[PDB]
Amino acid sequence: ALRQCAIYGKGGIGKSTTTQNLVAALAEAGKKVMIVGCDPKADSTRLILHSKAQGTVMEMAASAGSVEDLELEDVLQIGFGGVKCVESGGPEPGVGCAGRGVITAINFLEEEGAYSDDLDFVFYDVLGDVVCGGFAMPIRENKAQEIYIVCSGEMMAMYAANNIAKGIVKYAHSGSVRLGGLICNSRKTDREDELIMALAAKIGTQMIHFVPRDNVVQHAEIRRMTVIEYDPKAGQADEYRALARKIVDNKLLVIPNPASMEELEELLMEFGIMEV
């Protein structure tokens, strides 16, 4: 019954906002969820916890002088709707591999039995600008069976989405990691929904949901909360509830067929975003 998911996409695309909000809607519906932050920015749990930034696995390990000396209560926190929160963290910029905290955190959580019997979902919020090291680990090491990619009608967001799809293809034989769909997080661009639906069709997936751009998100976040908590009656709260419901009901889990750079350019040219 436990379903392990990962939310990938380029930086600033809306992974943390989307994940925390959809998870808050899952908790609201009685689902037991854990969010594991896998982005060195380390603010993937702040809307669930109402914190400035949660102490990461790496910070606690460095403070303690060992990962082995740590216990679950050093790294795991319960927030809104009983959602469990862990933040991997990463080394300081310029030092080691930026994704090494992801490997450390996931192995620690497994060893400590953080993946309890009552848990219905686990969501990894993963940096997607590069798909290597610890960032590729949820895919490569079969940790997240359902991948959802947050993207937009921008080339860099589509390129990043297509690269994550390549990673899934590479490890398709190794486990049961599959692409569940694309989540279009609106940038208020004309034909954006059509472009992402076409990109989804081209690579053998679906655009599971279109998330509109809404200022209520900024209003909730400035108060360190999800829209679900800040204004449960807001239109945007229903958008996150619909996304959460569609992920729960999703049965389309595929080995994608990534597009070439020429094909990505062809799509953007067709939907007006690019010149010939």
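Numbers for residues come from their place in the sequence shown, where the first is 1.
Here the stretch with the larger average CA B-factor, out of 177 to 185 and 115 to 123, is 115 to 123. For the pair 250 to 258 and 11 to 19, the mean B factor over Cα atoms is greater in 250 to 258. The PDB entry assigns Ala234 a C-alpha temperature factor belonging to the highest third of its chain's modelled residues. Sort the chain's modelled residues by C-alpha temperature factor and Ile149 lands in the lowest third, per the entry.
Ranked by C-alpha B-factor against the other modelled residues of its chain, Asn142 falls in the highest third. Compared with the other modelled residues of the chain, the Cα B-factor recorded for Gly94 ranks in the highest third. Ranked by Cα temperature factor within the chain, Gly30 sits in the highest third according to the deposited record.
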